[PDB]
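The data below hold one chain only, encoded as C-alpha cells and taken in the form deposited in one PDB entry.
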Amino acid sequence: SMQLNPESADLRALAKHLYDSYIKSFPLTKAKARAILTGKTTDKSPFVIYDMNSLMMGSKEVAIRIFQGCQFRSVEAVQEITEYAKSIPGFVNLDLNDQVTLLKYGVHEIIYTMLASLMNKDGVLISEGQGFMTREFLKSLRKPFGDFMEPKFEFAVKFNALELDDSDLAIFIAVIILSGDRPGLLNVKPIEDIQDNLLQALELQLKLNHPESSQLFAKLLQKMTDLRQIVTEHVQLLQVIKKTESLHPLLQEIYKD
C-alpha cells in the first residue's frame, strides 16, 4: 500500500472488477441488508417471524417448512456463487474438473460468510429482505433442528465485528473459491498463483478501507478455519437428519465427499 504504481493500480482494478461482479451476482448486498436491519430503507419493511403465531401469518411440520425454506435459498445461493466464480479472472481457464471441485467445497463456506451479511444478534433476513426470522425462534424448533442455525449466528457475531463491507467480501469470497488445498485438485499451481494475486488485492483493499484496524488481514484469513469447521459441524447435523427422519438433489450432489 506504501507505493501507488502500476502493480497497486492493477490490484485496485482486480478489486473494482470483483466488486462489480459481486453487485451483478448478489442482489441483497451487505449495505442493503444493513439498511433494512437498522430501519433506514423504505424499499420494503420485512415481517418478523418470532413465534409459531408469526410463522403461520407468514408441530414438527414447521421444522419441515423452515428446513425446506433454507434448501430453496441454499440452491438460489449456489447459482449466485457459480455466476460470481465465472467473473474471477483466470477461474474459467482451469480444467473443468478443478472449477467444479473448487465450487463443490467452496459454496457452503461463501454461504456461511454472506449469511452473516443478513444477520444481527436478533435474527436473519430471509426471502430477499421480505422476512426476518429470530435466532431464539430458530433455537426453539423440535430437536435436533433448534441447533441448525445457532452455530451460523455464533460465527456471524464474531465475523460482523470485523466490520467488512461488500468491497472487502468480494475479494475475500474470491480468495476462498481459489483455495489450492481442496481435495482432488489437478493443477494446484495456477490456482495458488491466482489466489496469491487475490491475497495481494485483499491486503491492499483492507489497508485502504480499514485505517485503524490491526491485523485485520490475519484475522480475516483465520476465519477460513472457522468456516471449514461450520461445514464439518453442519454435515454431522445433516447425516443425523437422514438417519433420524429428503435433500434437494443439487445439495445431495455437493455432499459426495
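From 1 onward, residues are counted along the sequence shown. Each form is matched to the other, and the largest set of C-alpha atoms that superpose within 1.5 Å is called the rigid core.
- Missing deposited residues between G58 and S59: 10 or more, all without coordinates in the entry.
- According to the entry, the deposited sequence places 1 to 3 unmodelled residues between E245 and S246.
- Of the two segments, 84-92 and 120-128, the one listed with the higher mean B-factor is 84-92 (C-alpha atoms only).
- Mean C-alpha B-factor is higher over 63-71 than over the other stretch, the pair under comparison being 63-71 and 222-230.
- The PDB entry assigns its highest CA temperature factor, among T134, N160, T101, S167, to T101.
- Note on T38, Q200, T42, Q215: the highest value goes to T42, judged by CA B factor as recorded.
- Among the modelled residues of the chain, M52 sits in the highest third by CA temperature factor in this PDB entry.
- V107: CA B factor lies in the middle third for its chain, per the PDB record.
- Split the chain's modelled residues into thirds by C-alpha temperature factor. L11 is in the lowest one.
- Ranked by C-alpha B-factor against the other modelled residues of its chain, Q79 falls in the highest third.
- Per the PDB record, residue ranking by Cα B-factor puts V188 in the highest third of the chain.
One more form of this protein exists, namely the form deposited in another entry; it is left out here, but the text below deals with it.
- Note: rigid core superposed between the shown form and the other one; among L204, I230, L216, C70, the CA shift is 2 Å or more only at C70.
- With the core held fixed, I49 shows a CA shift of 2 Å or greater between the shown form and the other one.
- The rigid-core alignment places the CA of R142 2 Å or more apart between the shown form and the other one.
- Superposition on the rigid core between the shown form and the other one places the CA atom of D181 less than 2 Å from its counterpart.
- Relative to the shown form, the CA atoms of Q68 and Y105 are brought 3 Å or more closer together in that other deposited form.
- In comparison with the shown form, the Cα-Cα distance of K16 and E128 increases by at least 3 angstroms in that other deposited form.
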